[PDB]
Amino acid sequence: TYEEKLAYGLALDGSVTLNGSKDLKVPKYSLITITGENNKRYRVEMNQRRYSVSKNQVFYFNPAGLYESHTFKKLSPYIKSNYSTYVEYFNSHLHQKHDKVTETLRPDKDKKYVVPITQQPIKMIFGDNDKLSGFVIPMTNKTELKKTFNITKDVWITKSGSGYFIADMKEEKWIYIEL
């Protein structure tokens, strides 16, 4: 019924409902752990329960894949100054528990999976074991970006330092994901 697999999925297109014994709605930009596949659906696991979703509703992300690499400096022109200038301040919080992280990156109102930081156009992404896994960050100078790295697709992935950058061209947002 399912092929045994391990990978990640990103709710790039919008919120998603994970079908299970009880259904579960996850916000736009959620990082989801894929545990199986079958032509029509992904098996995904969230908080140690199995759910299922149709493949077209999440963007498939394979960390083992081959991607180009670029430093942060060559990318910072196209990332919002708010995060760019202070990149190491934010990344400083990565891989830490949700309750610790929200002590300093404070949200207006805490929520699971994806959390807006107060007074910033930045969202925090919580992955497995409720640890900070990455950020949703605005894109600047799109037209200048897409012809600098010769990007032709709607969604562009690259390695960068300790992590990955995923550029959703249509929504003009970056997802930085680490590990």
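Residue positions are given as counts along the sequence shown, with the first one as 1.
When 115-123 is weighed against 64-72, 64-72 comes out higher, by mean CA B-factor as recorded in the entry.
Mean C-alpha B-factor is higher over 52-60 than over the other stretch, the pair under comparison being 52-60 and 131-139. Looking at the C-alpha B-factors along this chain, the one for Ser15 belongs to the middle third. Placement of the Cα temperature factor of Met169 within the chain: middle third of the modelled residues, per the deposited record.
Residue-level temperature factors show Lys109 in the highest third of its chain, judged at the C-alpha atom.
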